[PDB]
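A short write-up of the structure that comes next.
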Amino acid sequence: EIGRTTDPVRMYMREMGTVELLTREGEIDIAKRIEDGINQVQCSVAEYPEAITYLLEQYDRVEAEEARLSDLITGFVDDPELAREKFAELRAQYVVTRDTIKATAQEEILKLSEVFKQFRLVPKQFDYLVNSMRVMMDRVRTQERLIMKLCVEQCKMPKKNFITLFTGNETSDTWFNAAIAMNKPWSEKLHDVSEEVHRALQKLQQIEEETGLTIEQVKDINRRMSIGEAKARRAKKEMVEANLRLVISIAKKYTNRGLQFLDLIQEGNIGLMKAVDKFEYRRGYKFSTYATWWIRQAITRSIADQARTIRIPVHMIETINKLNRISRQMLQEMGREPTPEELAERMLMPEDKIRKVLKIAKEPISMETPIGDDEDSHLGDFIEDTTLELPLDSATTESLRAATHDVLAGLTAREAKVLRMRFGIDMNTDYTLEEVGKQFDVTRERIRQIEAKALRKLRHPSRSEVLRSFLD
Amino acid sequence: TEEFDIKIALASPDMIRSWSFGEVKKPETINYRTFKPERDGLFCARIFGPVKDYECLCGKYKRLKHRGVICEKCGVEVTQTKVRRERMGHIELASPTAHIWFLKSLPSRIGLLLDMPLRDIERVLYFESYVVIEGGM
Amino acid sequence: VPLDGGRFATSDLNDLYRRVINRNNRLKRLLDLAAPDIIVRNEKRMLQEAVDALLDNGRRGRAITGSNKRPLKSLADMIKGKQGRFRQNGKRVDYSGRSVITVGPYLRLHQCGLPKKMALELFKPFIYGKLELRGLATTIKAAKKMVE
Amino acid sequence: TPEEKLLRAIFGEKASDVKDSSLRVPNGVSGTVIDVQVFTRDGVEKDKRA
Ligand SMILES: [Zn+2]
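Residue numbers (this note's numbering), protein chains in the order written: chain A, 420 to 891; chain B, 52 to 188; chain C, 76 to 223; chain D, 575 to 624.
And the structure:
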């Protein structure tokens, strides 16, 4: 069955035909989970109160213009008209909840956390919440790794019993008084590095004090949120792996446009993954009528951007396509063909841009195309290069240095010096005529006239007699 | 130039980063409206020298008193344009790739070194079957 | 290089480099986007097929050129022999000519005819040396006209 | 270049604002001119000869 096949088309086609197509009930049954896949995330973020501080001040930043009126909210679940009334009720409850934790010491923040779900969000303000709280686990997770890193990697602490007493706990003094009490060899050694492993675990308490909750609160929120998170990728992987046959049919009409067959179906999948991302079945419309747009869209957005050698933009590409759809109707109607005077009226352009759009389309030849008669020679042997310069002009500019080293040599000590200085002969960048004087100290009409009379002297023929022949 | 008396060998990923003067991270070649070479592309100007003899791309440094000063807008250095003929870039592959000469040439060096038949390595480069690494106990 | 007339005449190493940079730039997007594994396996095996058409094209499906129907010219096809090396085994050469031969039986054994129209174009730079050493022309541009 | 500029001020010649690319008969071929064709793109004014 693995029959020595090389071409990656057949190796991808059969590798896709394992899965079987979904029914009309499988889609909503699969999509039903994705809502639950996010539903365990949104509930898993409300009990982490650090999101509200970031966004509750976003309304203070909204009316004070430290943010916009759209990229924070998009309408509560089940703009200034509706946000101001309820967003205060975020604070209207906020002053209620935080006072019990200064019984129901935790339930009041629960009263707000249980109700924070009713404030819908946009993706821009969304990723920060999942990013910030997930950023905290970046640090405290290795802190527990740190406590292993010093306690057992230095003082031969038993890593089998301290784990359960300190797996995620991070806040007690279990191996500070309880473990050391047994008087084991690891016991007496731990107090040398006891404060370092405690100062290092002071950040975790500072961190949980930075959030107001505990690492048990911190961990499980960033532990459960990843629980309901992976439950979505198990679903999106399920719907994308089924409809991959859909992409091969859509992405076959665009086959011969300079973009290979495999570069198309790999460009559709990158779009189809977005369709399942943005799909919403409560409209009642089926999936194929929805993902067929995002797929056919991306397979053509890429042909416009990355199929030409000399890249032309995506707004200009639409004009050339609009100029062939209309240059065909003029063909099969007028019979003979249209003219760039007559396309000015069929289209509505100023008749001078249409003469610029015409010569933009043509793509470059290849320098291996065998010339006419298919001789033993290619087109790459007949294009000469023009950066070079004739060895007779290179033999002239080396002869100009000989004369000017002479014709200037007939002048005085400094009346030649200004000529090498005011011009750029035999030096770096030339200087200013008042800058020239900064070597002579006399910056005036004398120096700016010394050059003229002096270079007028060379104008007296039989001195510039040789130099006259270098013009043409 | 000094007299030369010639070697050959494989090249490491840390030597190929030494010939190169910059990374090529976009497929665009030229501009299609003005024909100045676009930035980061294959025919770049910040990477493979300037296009015109002794001048930047924008046009700030056209003179010859500036002989080495790399521009500040676009970091072209004002030198001769034959330096567009001795420089190289490098693409940074997102995942390794078996050099075909040392895999498919008749006695496969990747093959007879690891002691694996060439039909069994071609089955692993195509993601058709795993291969154990450090089986352990 | 831009041909005369508005159309460009590229090599065919710009099609194989512009295809390694696309399938490699899309493989970075597909990994920071967290695609299913059935897709980023079709990108790794599709990337390294474009890199193995770059170095030596033909030991696989022979990825034919775009906008045409003949196979592209990989890097190992410029070095690879045309019956001669790329360097000197071919050297077209300056200072040369060619023409039809005839008999001329008045010659010695160590001479040959040579037209005045080839002796004046083969030996041009030797002439600009005499026309300035003998003092007839003044500069080397003024001598370029007397030979015309 | 610098020397070409000093050679200007000594003779004050005006700069050339256009490069000459005329059509010229090939080398070593000589004979009468028996015809002439002049094509003009639709939109430019014909010269006096065309
Ligand atoms: Zn610049």
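Built from N, CA and C at the ideal position, the CB exists for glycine as well.
Member of the options whose CA lies at the smallest distance from the CA of residue i
{"i": "B:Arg118", "options": "A:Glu466, A:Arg765, A:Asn847, A:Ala470", "result": "A:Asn847"}
{"i": "B:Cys125", "options": "B:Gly110, B:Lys133, B:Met139, B:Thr132", "result": "B:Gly110"}
{"i": "C:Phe201", "options": "C:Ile215, C:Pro190, C:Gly188", "result": "C:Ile215"}
{"i": "A:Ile731", "options": "B:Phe86, B:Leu61, B:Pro64, B:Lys76", "result": "B:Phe86"}
{"i": "B:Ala145", "options": "C:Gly81, C:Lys103, C:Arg94", "result": "C:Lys103"}
{"i": "A:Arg887", "options": "D:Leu581, D:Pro600, D:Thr575", "result": "D:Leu581"}
{"i": "A:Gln725", "options": "B:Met167, B:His150, B:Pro78", "result": "B:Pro78"}
{"i": "B:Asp104", "options": "B:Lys133, B:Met188, B:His150", "result": "B:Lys133"}
{"i": "A:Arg878", "options": "A:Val460, A:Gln636, A:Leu827, A:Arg480", "result": "A:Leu827"}
{"i": "A:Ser883", "options": "D:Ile584, D:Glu578, D:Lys579", "result": "D:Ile584"}
{"i": "A:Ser785", "options": "C:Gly136, C:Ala217, C:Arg162, C:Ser142", "result": "C:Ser142"}
{"i": "B:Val75", "options": "B:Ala62, B:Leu61, B:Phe99, B:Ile59", "result": "B:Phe99"}
{"i": "C:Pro111", "options": "A:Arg517, A:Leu691, A:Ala814", "result": "A:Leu691"}
{"i": "A:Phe545", "options": "A:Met555, A:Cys570, A:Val464, A:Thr424", "result": "A:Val464"}
{"i": "A:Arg841", "options": "A:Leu819, A:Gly829, A:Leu830, A:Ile869", "result": "A:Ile869"}
{"i": "C:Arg98", "options": "C:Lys192, C:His185, C:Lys119", "result": "C:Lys119"}
{"i": "A:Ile471", "options": "A:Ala483, A:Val428, A:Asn458, A:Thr516", "result": "A:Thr516"}
{"i": "A:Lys778", "options": "A:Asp812, A:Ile729, A:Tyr850, A:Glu752", "result": "A:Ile729"}
Span of the beta strand (DSSP E) around residue i
{"i": "B:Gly140", "result": "139 to 141"}
{"i": "B:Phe72", "result": "71 to 74"}
Any C-beta of chain F under 8 Å from that of residue i
{"i": "A:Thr805", "result": "In the structure shown, chain F does not exist; the protein chains are A, B, C and D."}
Residue i - containing alpha helix (DSSP H), residue span
{"i": "A:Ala821", "result": "816 to 826"}
{"i": "A:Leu665", "result": "663 to 669"}
{"i": "A:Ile790", "result": "From DSSP, A:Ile790 is part of no alpha helix (DSSP H); its letter is neither H nor E."}
{"i": "B:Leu164", "result": "160 to 165"}
{"i": "A:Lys530", "result": "526 to 532"}
{"i": "C:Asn97", "result": "89 to 107"}
{"i": "A:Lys741", "result": "733 to 753"}
{"i": "A:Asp682", "result": "680 to 697"}
{"i": "A:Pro468", "result": "A:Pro468 -> no alpha helix (DSSP H), and no H or E assigned at all."}
{"i": "A:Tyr547", "result": "542 to 574"}
{"i": "A:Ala600", "result": "Unbroken run through A:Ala600: none, as it is neither H nor E."}
{"i": "A:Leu877", "result": "864 to 878"}
{"i": "C:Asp131", "result": "Neither: C:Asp131 is in no alpha helix (DSSP H) and is coded neither H nor E."}
Closer than 7 Å: residue i CB and nearest ligand 1 heavy atom
{"i": "B:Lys113", "result": "no"}
{"i": "A:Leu742", "result": "no"}
{"i": "B:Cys122", "result": "yes"}
{"i": "B:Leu108", "result": "yes"}
{"i": "B:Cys125", "result": "yes"}
Residue i, buried or exposed, once every other Cβ within 10 Å from all chains shown has been counted against 16
{"i": "A:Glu446", "result": "buried"}
{"i": "A:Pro468", "result": "buried"}
{"i": "C:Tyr170", "result": "exposed"}
{"i": "A:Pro783", "result": "buried"}
{"i": "C:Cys187", "result": "exposed"}
{"i": "C:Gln123", "result": "buried"}
{"i": "A:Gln679", "result": "buried"}
{"i": "A:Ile634", "result": "buried"}
{"i": "A:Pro499", "result": "exposed"}
{"i": "A:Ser532", "result": "buried"}
{"i": "D:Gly605", "result": "exposed"}
{"i": "A:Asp682", "result": "buried"}
Segment contact, 8 Å Cβ cut-off, at least three pairs: the segment 684 to 704 of chain A with the segment 713 to 728 of chain A: The segment 684 to 704 of chain A, when compared against the segment 713 to 728 of chain A, does touch it at the 8 Å Cβ threshold.
Contact the segment 872 to 883 of chain A vs the segment 833 to 846 of chain A: 3+ CB pairs below 8 Å: Contact check between the segment 872 to 883 of chain A and the segment 833 to 846 of chain A: three or more CB pairs, one atom from each, fall below 8 Å, which counts as touching.
Validate contact between the segment 453 to 462 of chain A and the segment 650 to 667 of chain A using beta carbons, cut 8 Å, 3 pairs: Yes, the segment 453 to 462 of chain A touches the segment 650 to 667 of chain A.
Cβ pair count under 8 Å reaching 3, the segment 478 to 492 of chain A against the segment 554 to 562 of chain A: Cβ pair count under 8 Å is below three, so no.
Contact the segment 193 to 207 of chain C vs the segment 155 to 173 of chain C: 3+ CB pairs below 8 Å: Flag = yes, the segment 193 to 207 of chain C and the segment 155 to 173 of chain C touch.
Validate contact between the segment 130 to 147 of chain C and the segment 83 to 90 of chain C using beta carbons, cut 8 Å, 3 pairs: At 8 Å Cβ cutoff, the stretches touch.
Touch test, the segment 142 to 158 of chain B against the segment 122 to 140 of chain C, Cβ-Cβ under 8 Å, three pairs minimum: Yes: at least three Cβ pairs fall under 8 Å.
Any 3 or more C-beta pairs closer than 8 Å across the segment 58 to 72 of chain B and the segment 81 to 96 of chain B: No: fewer than three Cβ pairs fall under 8 Å.
At least 3 beta-carbon pairs within less than 8 Å: the segment 604 to 617 of chain A vs the segment 516 to 536 of chain A: Three or more beta-carbon pairs separated by less than 8 Å are not found between the segment 604 to 617 of chain A and the segment 516 to 536 of chain A, which leaves the two stretches without contact.
Touching by the beta-carbon criterion (3+ pairs, under 8 Å), the segment 637 to 653 of chain A and the segment 168 to 181 of chain B: The segment 637 to 653 of chain A and the segment 168 to 181 of chain B do not touch, with fewer than 3 CB-CB distances between them shorter than 8 Å.
Any 3 or more C-beta pairs closer than 8 Å across the segment 424 to 442 of chain A and the segment 657 to 674 of chain A: By the Cβ test, the segment 424 to 442 of chain A is in contact with the segment 657 to 674 of chain A, since at least three Cβ pairs between them sit closer than 8 Å.
contact_flag[the segment 761 to 776 of chain A, the segment 795 to 806 of chain A] where n(CB pairs < 8 Å) is 3 or more: No: fewer than three Cβ pairs fall under 8 Å.
The segment 509 to 525 of chain A / the segment 581 to 594 of chain A touching (three or more Cβ pairs under 8 Å): As far as the Cβ criterion goes, the segment 509 to 525 of chain A does not touch the segment 581 to 594 of chain A, which means the pair count is below three.
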